[PDB]
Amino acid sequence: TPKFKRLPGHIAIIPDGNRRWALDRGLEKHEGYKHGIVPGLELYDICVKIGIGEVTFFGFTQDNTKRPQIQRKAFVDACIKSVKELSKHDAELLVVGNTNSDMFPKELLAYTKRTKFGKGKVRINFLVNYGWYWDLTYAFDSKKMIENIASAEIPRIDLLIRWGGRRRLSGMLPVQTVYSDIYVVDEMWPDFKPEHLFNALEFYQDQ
């Protein structure tokens, strides 16, 4: 951990590129997701160590659920597993997504209220069956409207880091990302390395 002058209060993670990573290894597209779990736990461990107070992971969107059944089952399975694993750490977990849907995994409804595990050293939010349109329309007092979006328990994002080399938000939290610094890692998510985060934090503070 370098000697940061400043850290983001809240980091957003877009763990993109699981299918490309799988194909590059001669695996089926759906086999990449299971290789994205340990990168998530590694990223949390570093966040806890350097003092990041809040991380939001983009888990999957409603549009993601139109992918073939074999992909949907693999990425939902890996999301549930990621949350289960994170609950054996010191994380205050919140899952945000459209629960009024057969595409919302029932195993994750338990975490739609923020749940402190062990010492609760870092807030971790997970977007599960998330959609920007669902999020903004949930609100329907118009000045309150923003305070009543589905994702209102998720605060403003300081720094958004995206793996897989695409420079775009894919509709992650349009309200919380208005002013976010955006750092894009070319490597696919399962090729996560600590220096990816350190490079993003160096960028954030030299800003």
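A residue's number is simply how far along the shown sequence it sits, counting from 1.
Judged by the one-third criterion across other entries of this protein, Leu27, modelled here, is also modelled in every one of those that cover both its neighbours.
Note: missing coordinates for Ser142 occur in a third or more of the other compared entries bracketing this position. In the deposited entry, the stretch joining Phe140 to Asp141 is interrupted by 4 to 9 residues of the deposited sequence lacking coordinates. When the mean C-alpha temperature factors of 169-177 and 34-42 are read from the deposited coordinates, 34-42 comes out higher. The stretch with the higher mean CA B factor, choosing between 70-78 and 114-122, is 114-122. Among the modelled residues of its chain, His10 has a C-alpha B-factor that falls in the lowest third according to the deposited record. In the deposited entry, the Cα temperature factor of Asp16 sits in the bottom third of values across the chain's modelled residues.
Among all modelled residues in this chain, the alpha-carbon of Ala91 has a temperature factor (C-alpha) in the highest third.
Among the modelled residues of its chain, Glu147 has a C-alpha B-factor that falls in the highest third according to the deposited record. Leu136 sits in the middle third of its chain by CA B factor, as recorded in the PDB entry.
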